[PDB]
Amino acid sequence: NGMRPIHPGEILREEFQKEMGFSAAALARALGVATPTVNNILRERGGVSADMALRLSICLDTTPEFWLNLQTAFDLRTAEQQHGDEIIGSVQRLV
Amino acid sequence: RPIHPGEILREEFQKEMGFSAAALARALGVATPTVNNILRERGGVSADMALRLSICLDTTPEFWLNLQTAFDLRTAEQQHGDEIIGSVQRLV
Amino acid sequence: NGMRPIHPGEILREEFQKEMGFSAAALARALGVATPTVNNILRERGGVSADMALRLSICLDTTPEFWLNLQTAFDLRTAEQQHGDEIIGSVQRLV
Amino acid sequence: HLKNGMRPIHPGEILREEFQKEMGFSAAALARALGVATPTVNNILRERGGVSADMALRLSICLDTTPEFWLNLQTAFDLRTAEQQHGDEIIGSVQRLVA
DNA sequence: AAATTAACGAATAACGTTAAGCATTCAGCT
DNA sequence: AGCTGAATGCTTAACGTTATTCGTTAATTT
């Protein structure tokens, strides 16, 4: 707690895309998917699919869990920041 | 080879500790059908649930989500995996 | 500058959905379109189509220009406030 | 408060007449005046294309008019365009709501 | 004797592919 | 000695179709 809710397209576009110049359209067919599908993640609108993470790992010689792990961590502190306070009151802890 | 959402719940928490989904429902602040859907194991794991789930079970929310994403991954691995390797061309 | 930009779905969900109770799914089939198409306007992601505005006028017994006029006014002070400063510098006035 | 509609008019029609041919020169100088490339511009005089929202802000500047001017006739175009075009299909498929 | 788990059904909101709309860089005129 | 109409790429819009989440009835289970 106390840091930003970082999205996947942030660790994509400003990390990989900047080191080697990637074009969303060319990247799409490189991934075997339609352009908007790709560009919707670059638009930070998300999200990363599980089949998506699997294909990404192929291109980038990483593990598919890599692209998925930071993705889920986003939502957590997205919703934690959005409605997170509200769920705590309704839920009562168990032994 | 994969691990399901409800397999690590029903076989760990629901059976070896407490009572059934009805009481668990209002304890999690959601309706009953939402809960047993995971016990019925056909999917339905919320991201929002994990935040709620960590609370009852004194665990981290990250715990329940880590196996969740790993689920989709391993299921689809044999499922769409063959199609994925061929269609996707490697990058530098 | 001088006012905040206002989206169509704002003058929709508030003035209309709240005054007479609307439901995005039912409004969808009432408008002859798929639900997300409708709810994407309520989500204020945008945006109002020209064929759409014509459809709305039928349901709401208003003119189609009503829904379109506020649409164009939005983009105007969206872009005016976003990149608008950059536009003024690059454009040179004519007689 | 009734349809259906009649003949539309595009922005590039209201461009070449009243603005482009009268008192003025064409797309080469006009491009650089608007900060955009030539093809973007003549596409409207040729009427193949739409009127941008970003352009309307730029046109108001050159022609000492409001940006709303150019955008108002733009939507009226699409509305009137689609009015006879998809109009038959739209009236039938859409059923009026409580009002 | 009596809740309750499993099943229908609608809501919204994802993801996705498809199709259209937009500004640079080579070719054909004026 | 030019500059407008084509041809191609990018992105972003709009849309439809297809999946996950709560009410409510029905069947179950001491």
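Note: ideal-geometry Cβ built from the backbone for every residue, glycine included; neighbour counts use all protein chains shown. Here, each number is a calculation from the coordinates, and none is a lab measurement.
Decide, for region D:8-71, between rounded, prolate and oblate: order the square roots of the alpha carbon gyration tensor eigenvalues as a ≥ b ≥ c, take rounded if a/c falls under 1.5, and otherwise choose prolate if a/b is larger than b/c, else oblate.
Rounded.
With a 10 Å cut-off around each Cβ of C:54-64, the average count of Cβ atoms from other chains is 5. About the centre of its Cα atoms, chain A shows a dipole size close to 200 debye [charges on the beta carbon of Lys, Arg (+1) and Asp, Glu (-1) only; nearest 20 debye].
Dipole of chain A computed with +1 at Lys/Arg Cβ and -1 at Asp/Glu Cβ about the Cα centre; of A:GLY84, A:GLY47, A:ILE11, farthest Cα towards the positive end is A:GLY47.
The residues packed around A:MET3, meaning those with a beta-carbon under 12 Å from its beta-carbon, carry a net charge of +1 if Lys and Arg are +1 and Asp and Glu are -1.
How many partner chain Cβ atoms sit within 10 Å of a residue's Cβ in peptide D:75-83, on average, as a whole number?
Numbers: counts 9, 5, 1, 6, 9, 1, 2, 7, 4.
Shielding by partners across D:75-83 averages 5.
Converting phi to 3J(HN,Hα) with the Karplus coefficients 6.51, -1.76 and 1.60 and the offset θ = phi - 60°, region C:11-22 yields 7, 8, 4, 7, 4, 9, 4, 7, 6, 10, x, 10 Hz in sequence order, with x at every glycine or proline. Output the 0 to 90 degree angle, nearest 10, between the alpha-carbon long axis of helix C:50-60 and the longest principal axis computed from the alpha carbons of chain C. Compared with the principal axis, the helix lies near 50 degrees.
Where the centroid of each part is defined by its Cα atoms, how far is region A:69-95 from region C:79-94 in Å? Going from one Cα centre to the other spans 43 Å.
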